[PDB]
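Colleague: Starting off with a structure, shown below.
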Amino acid sequence: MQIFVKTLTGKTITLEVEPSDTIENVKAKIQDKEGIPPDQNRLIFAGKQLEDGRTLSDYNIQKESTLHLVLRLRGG
């Protein structure tokens with residue numbers, strides 16, 4: 001049950017999750033592949049911002065889906 005992640009830059013990543021997992025948990029594994037937490041990054045599917053109140057099967061997120069990684073609060 002792998003999920004692919006696409007950043008706005010085009011960075012293709014890969015994570016292991018379950019259709020019963022929480023949105024926050026699935027976002028949390030982004031730290032284990034990159035290092036950036038779920039407060040600096042957000043989540044989007046089908047033009048809708050996802051949130052930590054539902055699961056993957058509740059959003060209809062299948063395997064081989066490309067998630068959308070957006071940056072919150074520009075800084076340097």
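In the structure tokens, the first chain shown is A, the next is B, and so on; residue numbers restart at 1 for each chain, and ligands run from 1 in the order shown.
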What's the 9 Å shell around residue 29 in chain A, counting only C-alpha atoms, without same-chain residues fewer than 4 positions away, as a list in words?
Modeller: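 Once the adjacent positions are removed, what remains is residues 15, 16, 17, 24, 25, 33, 34 and 37 of chain A.
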Colleague: Have a look at CA of residue 36 in chain A and CA of residue 72 in chain A and let me know their distance in Å, one decimal.
Modeller: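 So the two atoms, CA of residue 36 in chain A and CA of residue 72 in chain A, lie 11.3 Å apart.
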Colleague: Quick one: residues within 12 Å of residue 30 in chain A, only C-alpha atoms counted, chain neighbours fewer than 6 positions away excluded, as a PyMOL selection string?
Modeller: chain A and resi 3-7+12-17+23-24+36-43+67-69
Colleague: Please identify all polymer residues within 10 Å of residue 58 in chain A, counting only C-alpha atoms, omitting same-chain residues fewer than 5 positions from it, and present them as a compact mmCIF listing (two decimals) with C-alpha atoms, in the first residue's frame.
Modeller:
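And here's around-v6.txt as it stands now:
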```
# COMPACT_ATOMS: atom_id res chain seq x y z
CA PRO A 19 -6.30 3.01 4.28
CA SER A 20 -7.27 3.19 8.02
CA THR A 22 -5.04 9.18 10.21
CA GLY A 53 -10.27 14.66 11.48
```
Colleague: Extract, using only C-alpha atoms, all DNA, RNA and protein residues at most 12 Å from residue 60 in chain A, discarding same-chain residues fewer than 2 positions from it, and format them as a VMD selection string.
Modeller: chain A and resid 19 to 20 45 to 46 50 54 to 58 62 to 63 65
Colleague: Take CA of residue 11 in chain A and CA of residue 47 in chain A and report the distance between them in Å, one decimal.
Modeller: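 Value for the CA of residue 11 in chain A-CA of residue 47 in chain A distance: 19.1 Å.
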Colleague: Out of chain A, which residues get alpha helix (DSSP H) from DSSP, as a list in words?
Modeller: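 Checking each residue of chain A, the alpha helix (DSSP H) ones are residues 23, 24, 25, 26, 27, 28, 29, 30, 31, 32 and 33 of chain A.
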Colleague: Next, dump the selected residues to file, keeping only N, CA, C and O atoms, as a JSON list (two decimals), in the first residue's frame.
Modeller:
```json
[["chain", "number", "residue", "atom", "x", "y", "z"],
["A", 23, "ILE", "N", -4.80, 11.18, 8.82],
["A", 23, "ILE", "CA", -4.11, 12.16, 7.96],
["A", 23, "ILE", "C", -2.81, 12.68, 8.59],
["A", 23, "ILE", "O", -1.79, 12.72, 7.91],
["A", 24, "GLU", "N", -2.83, 13.02, 9.88],
["A", 24, "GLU", "CA", -1.66, 13.54, 10.60],
["A", 24, "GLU", "C", -0.50, 12.53, 10.60],
["A", 24, "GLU", "O", 0.61, 12.90, 10.23],
["A", 25, "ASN", "N", -0.77, 11.25, 10.90],
["A", 25, "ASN", "CA", 0.19, 10.13, 10.84],
["A", 25, "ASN", "C", 0.84, 9.97, 9.45],
["A", 25, "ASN", "O", 2.06, 9.84, 9.32],
["A", 26, "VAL", "N", 0.03, 10.03, 8.39],
["A", 26, "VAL", "CA", 0.50, 9.89, 7.00],
["A", 26, "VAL", "C", 1.39, 11.07, 6.60],
["A", 26, "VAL", "O", 2.44, 10.88, 5.96],
["A", 27, "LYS", "N", 1.04, 12.28, 7.04],
["A", 27, "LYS", "CA", 1.87, 13.49, 6.95],
["A", 27, "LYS", "C", 3.13, 13.41, 7.81],
["A", 27, "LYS", "O", 4.17, 13.96, 7.46],
["A", 28, "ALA", "N", 3.04, 12.74, 8.94],
["A", 28, "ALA", "CA", 4.13, 12.66, 9.94],
["A", 28, "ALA", "C", 5.34, 11.90, 9.39],
["A", 28, "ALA", "O", 6.47, 12.33, 9.60],
["A", 29, "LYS", "N", 5.10, 10.84, 8.60],
["A", 29, "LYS", "CA", 6.10, 10.03, 7.90],
["A", 29, "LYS", "C", 6.91, 10.82, 6.86],
["A", 29, "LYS", "O", 7.99, 10.39, 6.47],
["A", 30, "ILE", "N", 6.46, 12.01, 6.46],
["A", 30, "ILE", "CA", 7.24, 12.94, 5.62],
["A", 30, "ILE", "C", 8.54, 13.35, 6.35],
["A", 30, "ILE", "O", 9.57, 13.52, 5.70],
["A", 31, "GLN", "N", 8.53, 13.44, 7.68],
["A", 31, "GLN", "CA", 9.72, 13.78, 8.47],
["A", 31, "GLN", "C", 10.79, 12.66, 8.38],
["A", 31, "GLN", "O", 11.97, 12.95, 8.21],
["A", 32, "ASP", "N", 10.35, 11.40, 8.42],
["A", 32, "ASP", "CA", 11.21, 10.21, 8.33],
["A", 32, "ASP", "C", 11.90, 10.05, 6.95],
["A", 32, "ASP", "O", 12.95, 9.42, 6.86],
["A", 33, "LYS", "N", 11.34, 10.64, 5.87],
["A", 33, "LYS", "CA", 11.95, 10.66, 4.52],
["A", 33, "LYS", "C", 12.73, 11.94, 4.18],
["A", 33, "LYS", "O", 13.67, 11.88, 3.40]]
```
